[PDB]
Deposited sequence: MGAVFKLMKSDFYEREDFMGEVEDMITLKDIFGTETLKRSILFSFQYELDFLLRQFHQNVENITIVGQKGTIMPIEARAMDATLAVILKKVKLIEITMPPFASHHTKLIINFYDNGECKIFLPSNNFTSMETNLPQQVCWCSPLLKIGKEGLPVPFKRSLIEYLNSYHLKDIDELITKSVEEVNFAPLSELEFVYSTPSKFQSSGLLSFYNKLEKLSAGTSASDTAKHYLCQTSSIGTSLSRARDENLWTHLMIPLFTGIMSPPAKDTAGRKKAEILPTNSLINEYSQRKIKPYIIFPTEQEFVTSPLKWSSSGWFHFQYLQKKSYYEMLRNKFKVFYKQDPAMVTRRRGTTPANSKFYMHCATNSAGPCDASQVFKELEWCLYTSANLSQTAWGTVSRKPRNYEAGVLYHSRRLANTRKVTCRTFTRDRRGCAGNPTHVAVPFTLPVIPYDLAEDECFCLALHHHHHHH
């Protein structure tokens, strides 16, 4: 089946888990198609076996670091010749944020990964990272259309590039996606012709169709207010109101929402590292550069989230491993759990994605995303409940690198880490 793994780090695992070497190092690998936000080529290319025939790399212009002559050697020179580069030029303040790997093997087998790390050394090793691994797929004719496959193809088409159409999309077409018939592929694209992001994910949740209602986000970037005049958070003021039916598409005052949350027993959660969690990380502030929440200029927005919604959660310090401590994770997850401690072990749905909690990644009801983003959605009604566990205790549908349970910020002491 599909499986979530925790990425091994050179620092945290000194002498299940995955590495880039287990993904790219296998002698039966014929071809990889890579999508990422940054590529350190001498680090990535060292991961591959000498048997590989083609490496196709889709990335944003300026984010593909060439190897300097002084770093070249005999091995890399050979592998470098097998790289085909597809460079996307993006508008300002937009990102090719998707991370995706499509491998093709000798037998005609295909495997897909969503890693949470970009292909650089520091990113692979410092913050915690995960990797979603698809089941094994086979080149073969297919019968029934598989939603995951179909949304993957829309996503590729939305780049509108000849090289993607010919070099990637046609090879993906040949793959039978039946082993993935339960899952959905959810994405953002800046393409104006293809809907995507929040609006599309909302419609898809509506279509897939008393209790306490838990909506948890784990994200390495928290965007600023949706409006300049008022304090409006994407999770608490737009996403959660939409998913619960508090608002329909044709934004409420804060006080109305707080009351609606009491009354409907909606419990919002954002997992984001405190200031103090770096103290108890084994590389201390080494992983902190990846955690973006810039709230000092608009302090009331933060206060609102921290004190009125009480939205912030942190790791359970008593459950983390010694070797990883409270090192925060650069994965992104969005999940919903209905109850009526054990919260989040059985889910209504869970999205694992490259998308951060920002308007540029998601869009809004009326704005389109600016980024490319991709992820995989597990929905109860598509399977009977989605099962989830924490890697800190290490067979469930999902595994997450934060503790379960997560613990509310202590309002007397904890502050979101502010870079």
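Note: segments 1, 17-23, 218-223, 265-275, 366-372, 416-418, 430-436, 462-470 of the deposited sequence have no C-alpha coordinates in the structure.
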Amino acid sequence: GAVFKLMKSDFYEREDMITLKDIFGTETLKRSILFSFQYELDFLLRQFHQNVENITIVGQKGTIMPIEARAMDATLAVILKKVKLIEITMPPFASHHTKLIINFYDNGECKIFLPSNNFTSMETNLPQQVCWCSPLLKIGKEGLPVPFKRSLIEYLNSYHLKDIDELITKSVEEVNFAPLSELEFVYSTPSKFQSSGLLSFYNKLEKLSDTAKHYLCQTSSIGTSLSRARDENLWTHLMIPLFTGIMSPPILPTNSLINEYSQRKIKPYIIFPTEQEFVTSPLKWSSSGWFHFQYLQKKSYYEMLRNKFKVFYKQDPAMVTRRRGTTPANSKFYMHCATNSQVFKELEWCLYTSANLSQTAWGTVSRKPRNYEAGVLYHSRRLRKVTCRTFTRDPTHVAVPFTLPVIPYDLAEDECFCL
From here on, numbers count along this sequence of modelled residues.
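Mean CA temperature factor is higher for 70-78 when stretches 289-297 and 70-78 are set side by side in the entry.
The deposited model assigns a higher average Cα B-factor to 258-266 than to the other stretch when 211-219 and 258-266 are compared.
Note on 342, 124, 134, 200: the highest value goes to 342, judged by CA B factor as recorded. Within the group 238, 338, 329, 172, the record's highest C-alpha temperature factor is found at 338.
Among the modelled residues of its chain, residue 192 has a C-alpha B-factor that falls in the highest third, as given in the PDB entry. The entry lists a Cα temperature factor for residue 303 that places it in the middle third of the chain's modelled residues. In the deposited entry, the Cα temperature factor of residue 405 places it in the middle third of its chain's modelled residues. Residue 128 sits in the lowest third of its chain by CA B factor, as recorded in the PDB entry.
Among the modelled residues of its chain, residue 143 has a C-alpha B-factor that falls in the highest third, as given in the PDB entry.
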